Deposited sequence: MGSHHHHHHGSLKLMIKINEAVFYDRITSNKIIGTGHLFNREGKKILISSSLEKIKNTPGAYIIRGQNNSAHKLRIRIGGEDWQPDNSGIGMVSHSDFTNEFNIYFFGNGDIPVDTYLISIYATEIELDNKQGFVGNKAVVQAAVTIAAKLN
């Protein structure tokens, strides 16, 4: 079992409406496994599968993200999202915040599993900066 993640290049000319998609995760080689989906970043207490990432330049910088899909749903433990079917090969990363964030690099870091066993893990610089035009 292995995992890919694809952050989407884009510009946000106005507010960062929460629940905007900003990256996709593809999943591979799980054909008969119920897959848990979680991070080892700081957890947001309010929501399962939602996490807080710190500025590489300035750890007071926070970027509040969320992972979920149309075929992923929380366990009541507040530990991750879970899919029950084969044929749910994608999931989404959302901004889950209230306004715009500070320019910095934020290092995002997810993991999946059958459900425990042995874990798979991807990571991805997500960089934010300020375009003037």
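So, counting the deposited sequence from position 1, which segments are absent from the coordinates?
Holes in the chain trace, numbered from 1: 1-11, 127-134.
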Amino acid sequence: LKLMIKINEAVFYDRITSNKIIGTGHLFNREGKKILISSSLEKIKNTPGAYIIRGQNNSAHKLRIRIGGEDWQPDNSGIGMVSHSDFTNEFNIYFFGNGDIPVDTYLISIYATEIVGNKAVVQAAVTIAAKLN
From here on, numbers count along this sequence of modelled residues.
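If you take the mean CA temperature factor per stretch, which one wins between 101-109 and 68-76?
The recorded data point to 68-76.
What stretch has the higher average Cα B-factor here, 3-11 or 124-132?
Taking the mean B-factor of the alpha carbons in each, 3-11 is higher.
In the PDB entry, which of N89, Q56, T47, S39 has its C-alpha at the highest B-factor?
Of the options given, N89 has the highest CA B-factor in the PDB entry.
Which third of the chain does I93 land in by C-alpha B-factor: lowest, middle or highest?
Lowest third, going by the recorded CA B-factors of the chain.
What third of the chain does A60 rank in for C-alpha temperature factor, lowest, middle or highest?
Middle third.
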